[PDB]
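Next up, entry.csv (CSV, C-alpha atoms and all ligand atoms):
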chain,number,residue,atom,x,y,z
P,7,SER,CA,8.2,5.1,4.3
P,8,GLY,CA,7.0,5.6,0.7
P,9,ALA,CA,4.0,6.8,-1.3
P,10,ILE,CA,2.3,6.3,-4.7
P,11,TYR,CA,2.0,9.5,-6.8
P,12,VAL,CA,-0.8,9.1,-9.4
P,13,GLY,CA,-2.4,12.2,-11.0
P,14,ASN,CA,-3.0,14.8,-8.3
P,15,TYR,CA,-3.1,12.1,-5.6
P,16,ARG,CA,-0.6,10.9,-2.9
P,17,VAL,CA,-1.3,7.4,-1.6
P,18,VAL,CA,0.3,6.6,1.8
P,19,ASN,CA,0.0,4.1,4.7
P,20,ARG,CA,-2.8,5.6,6.9
P,21,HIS,CA,-0.5,5.1,10.0
P,22,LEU,CA,2.3,7.3,8.3
P,23,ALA,CA,0.0,10.1,7.0
P,24,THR,CA,1.3,13.6,8.0
P,25,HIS,CA,-0.8,16.6,9.2
P,26,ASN,CA,-0.6,18.0,5.7
P,27,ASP,CA,-2.1,14.7,4.4
P,28,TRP,CA,-5.0,14.9,6.8
P,29,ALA,CA,-5.4,18.7,6.0
P,30,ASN,CA,-5.7,17.8,2.2
P,31,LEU,CA,-7.6,14.5,2.7
P,32,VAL,CA,-9.3,12.8,-0.3
P,33,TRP,CA,-10.1,9.4,1.3
P,34,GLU,CA,-8.9,7.2,4.2
P,35,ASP,CA,-9.7,3.7,5.5
P,36,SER,CA,-8.2,2.3,8.8
P,37,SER,CA,-9.2,-1.3,7.9
P,38,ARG,CA,-7.0,-1.0,4.7
P,39,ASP,CA,-4.2,1.2,6.3
P,40,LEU,CA,-4.6,3.6,3.4
P,41,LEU,CA,-4.9,7.4,3.1
P,42,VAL,CA,-5.0,9.5,-0.1
P,43,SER,CA,-4.3,13.2,-0.1
P,44,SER,CA,-4.3,15.9,-2.9
P,45,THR,CA,-1.1,17.1,-4.6
P,46,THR,CA,-0.2,20.3,-6.6
P,47,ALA,CA,2.2,18.5,-9.1
P,48,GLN,CA,1.2,15.4,-11.2
P,49,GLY,CA,2.9,12.1,-10.2
P,50,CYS,CA,5.0,9.6,-12.2
P,51,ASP,CA,3.1,6.4,-11.2
P,52,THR,CA,0.6,4.2,-13.1
P,53,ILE,CA,-1.8,1.9,-11.1
P,54,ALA,CA,-2.1,-1.7,-12.2
P,55,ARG,CA,-5.6,-2.8,-13.3
P,56,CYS,CA,-5.3,-6.6,-13.3
P,57,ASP,CA,-5.4,-9.8,-11.0
P,58,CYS,CA,-1.7,-10.5,-11.2
P,59,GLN,CA,-0.2,-12.6,-8.3
P,60,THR,CA,3.4,-12.1,-9.3
P,61,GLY,CA,5.4,-8.8,-9.0
P,62,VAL,CA,8.4,-7.1,-7.4
P,63,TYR,CA,8.5,-5.1,-4.2
P,64,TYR,CA,10.9,-2.7,-2.6
P,65,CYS,CA,12.3,-3.6,0.8
P,66,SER,CA,14.0,-0.5,2.4
P,67,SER,CA,15.5,-2.6,5.3
P,68,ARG,CA,17.5,-4.5,2.6
P,69,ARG,CA,18.0,-1.7,0.0
P,70,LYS,CA,16.7,-4.4,-2.4
P,71,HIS,CA,13.8,-5.2,-4.8
P,72,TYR,CA,12.5,-8.8,-4.5
P,73,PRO,CA,10.4,-10.7,-7.0
P,74,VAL,CA,7.4,-12.3,-5.1
P,75,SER,CA,4.3,-14.4,-5.6
P,76,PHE,CA,1.4,-12.9,-3.5
P,77,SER,CA,-2.2,-13.8,-2.5
P,78,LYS,CA,-5.3,-12.0,-3.8
P,79,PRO,CA,-6.5,-9.1,-1.7
P,80,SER,CA,-8.4,-10.5,1.4
P,81,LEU,CA,-9.5,-9.8,5.0
P,82,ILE,CA,-6.6,-11.2,7.1
P,83,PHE,CA,-5.7,-11.3,10.8
P,84,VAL,CA,-2.5,-9.3,11.4
P,85,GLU,CA,-0.5,-9.8,14.6
P,86,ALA,CA,0.5,-6.7,16.7
P,87,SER,CA,3.2,-4.5,15.2
P,88,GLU,CA,5.0,-1.3,16.5
P,89,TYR,CA,2.2,0.8,14.8
P,90,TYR,CA,-1.0,-1.3,15.1
P,91,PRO,CA,-2.6,-3.7,17.6
P,92,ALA,CA,-3.4,-7.3,16.5
P,93,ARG,CA,-6.5,-6.8,14.1
P,94,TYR,CA,-8.2,-7.7,10.9
P,95,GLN,CA,-6.9,-5.7,7.9
P,96,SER,CA,-8.9,-5.8,4.5
P,97,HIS,CA,-7.7,-5.6,0.9
P,98,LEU,CA,-4.4,-7.2,2.1
P,99,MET,CA,-2.1,-9.4,-0.1
P,100,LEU,CA,0.6,-11.6,1.5
P,101,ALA,CA,4.0,-12.9,0.2
P,102,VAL,CA,7.0,-14.7,1.6
P,103,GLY,CA,9.7,-12.1,2.2
P,104,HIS,CA,11.2,-9.6,4.6
P,105,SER,CA,9.2,-6.7,6.1
P,106,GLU,CA,10.0,-4.5,9.1
P,107,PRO,CA,7.8,-1.5,10.1
P,108,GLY,CA,10.0,1.0,8.3
P,109,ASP,CA,9.5,-0.9,5.1
P,110,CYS,CA,5.8,0.3,4.9
P,111,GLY,CA,5.2,2.4,1.8
P,112,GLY,CA,7.5,0.4,-0.5
P,113,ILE,CA,5.9,-0.3,-3.9
P,114,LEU,CA,4.8,-3.7,-5.1
P,115,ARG,CA,4.6,-3.6,-9.0
P,116,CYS,CA,3.6,-6.0,-11.8
P,117,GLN,CA,3.8,-5.7,-15.5
P,118,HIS,CA,0.7,-3.4,-15.4
P,119,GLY,CA,2.1,-0.9,-12.9
P,120,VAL,CA,1.7,-0.3,-9.2
P,121,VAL,CA,-0.3,-3.0,-7.3
P,122,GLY,CA,0.0,-1.7,-3.7
P,123,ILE,CA,2.3,-0.7,-0.9
P,124,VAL,CA,4.0,-2.6,2.0
P,125,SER,CA,1.7,-2.4,5.0
P,126,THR,CA,2.5,-5.5,7.3
P,127,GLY,CA,5.4,-7.8,8.2
P,128,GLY,CA,6.7,-10.3,10.7
P,129,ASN,CA,7.1,-14.1,10.7
P,130,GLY,CA,8.7,-14.2,7.3
P,131,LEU,CA,5.8,-12.6,5.4
P,132,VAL,CA,5.3,-9.2,3.8
P,133,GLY,CA,1.7,-7.8,3.5
P,134,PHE,CA,0.7,-5.2,0.8
P,135,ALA,CA,-2.3,-2.9,0.8
P,136,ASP,CA,-3.9,-3.3,-2.6
P,137,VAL,CA,-4.8,-0.2,-4.6
P,138,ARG,CA,-5.9,-1.9,-7.9
P,139,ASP,CA,-9.6,-1.7,-7.0
P,140,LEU,CA,-9.4,2.2,-6.5
P,141,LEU,CA,-10.3,3.0,-10.1
P,142,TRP,CA,-11.1,6.7,-9.2
P,143,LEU,CA,-7.3,7.2,-8.7
P,144,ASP,CA,-7.0,7.2,-12.5
P,145,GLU,CA,-9.2,10.3,-13.0
P,146,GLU,CA,-10.5,13.7,-11.7
N,1,LIG,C1,-13.5,9.1,-5.4
N,1,LIG,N1,-13.3,8.5,-4.1
N,1,LIG,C2,-12.4,9.2,-3.3
N,1,LIG,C3,-13.7,7.3,-3.5
N,1,LIG,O1,-14.6,6.6,-4.1
N,1,LIG,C4,-13.0,6.9,-2.3
N,1,LIG,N2,-13.4,5.6,-1.9
N,1,LIG,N3,-12.6,4.5,-2.3
N,1,LIG,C5,-13.2,3.4,-1.8
N,1,LIG,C6,-14.3,3.8,-0.9
N,1,LIG,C7,-15.2,3.1,-0.1
N,1,LIG,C8,-16.3,3.8,0.3
N,1,LIG,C9,-16.4,5.2,0.1
N,1,LIG,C10,-15.5,5.9,-0.5
N,1,LIG,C11,-14.4,5.2,-1.1
N,2,ZN,ZN,-0.7,-6.9,-13.2
Structure rendered as C-alpha cells:
Amino acid sequence: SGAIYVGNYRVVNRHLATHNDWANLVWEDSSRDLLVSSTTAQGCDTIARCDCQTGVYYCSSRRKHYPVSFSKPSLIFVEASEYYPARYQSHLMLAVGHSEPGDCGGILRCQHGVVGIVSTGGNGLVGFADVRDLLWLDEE
C-alpha cells in the first residue's frame, strides 16, 4: 500500500483504489496502473520533473529503503501477479530489487522529488509506475 499526496490529489495504484477514490475520481489509466482522486487537505509530496535513472524506493516487505538504478518509463510485458493477469503496462520503469504485491504504492524518489510508485514485482525486479509526465499534478 501507499500513495502520493500532491496538492489536492491522491495518487494510488489503480488496483488498490478504494470506493472513495472512484467516487472522487480525477483520472485513471489501467494500462499505467494509476488512479488519481481529489483530497480536502493539501499533501506533503513534490513530484520530480527530470529524467533521472537513479533514486531510492521504499520496500514494505523489508521495512527498508533501497538505492536503485532504473530504466526510463516504457511499455513492458508484465507476468501474471496476484492482482493482474500477464499484460503490457505503459509508463513502467524497472530496477533490480525486491517487490511483492503488498509493496505496491511505495515511493521511488530522486533528488527532484517523487518519481513514481511501486506497481510490479517478481523474478528479482521491481517495477515503478512513473508520474513525472503528469505535469497537471502540480496545479489546479
Ligand atoms: C488534468 N488531467 C487530469 C489530465 O490531463 C489527466 N490525464 N493525464 C494523462 C492523460 C491522458 C489522456 C487524458 C487525460 C490524461
Ligand atoms: Zn530526478
Neighbourhood of ligand ZN 2 (chain N) at 10 Å, counting only C-alpha atoms and all ligand atoms, reported as a PyMOL selection string: chain P and resi 53-61+115-121+138
All residues having an atom within 8 Å of ligand LIG 1 (chain N) (only C-alpha atoms and all ligand atoms) as a PyMOL selection string: chain P and resi 32-35+140+142-143
Nearby residues (only C-alpha atoms) at most 10 Å from segment 41-45 of chain P, same-chain spacing under 2 positions excluded, as JSON, numbers by chain: {"P": [9, 10, 11, 12, 13, 14, 15, 16, 17, 18, 19, 20, 21, 22, 23, 24, 26, 27, 28, 29, 30, 31, 32, 33, 34, 35, 36, 38, 39, 47, 48, 49, 143]}
Residues near residue 76 of chain P, cut-off 10 Å, only C-alpha atoms, skip fewer than 3 positions along chain, as a PyMOL selection string: chain P and resi 58-62+73+79+98-102+114+131-134
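Closest to residue 70 of chain P among P:40, P:50, P:113, P:86 is P:113, based on all atoms listed in the file.
When only C-alpha atoms are used to compute distances to residue 8 of chain P, the closest of the residues P:87, P:37, P:46, P:66 turns out to be P:66.
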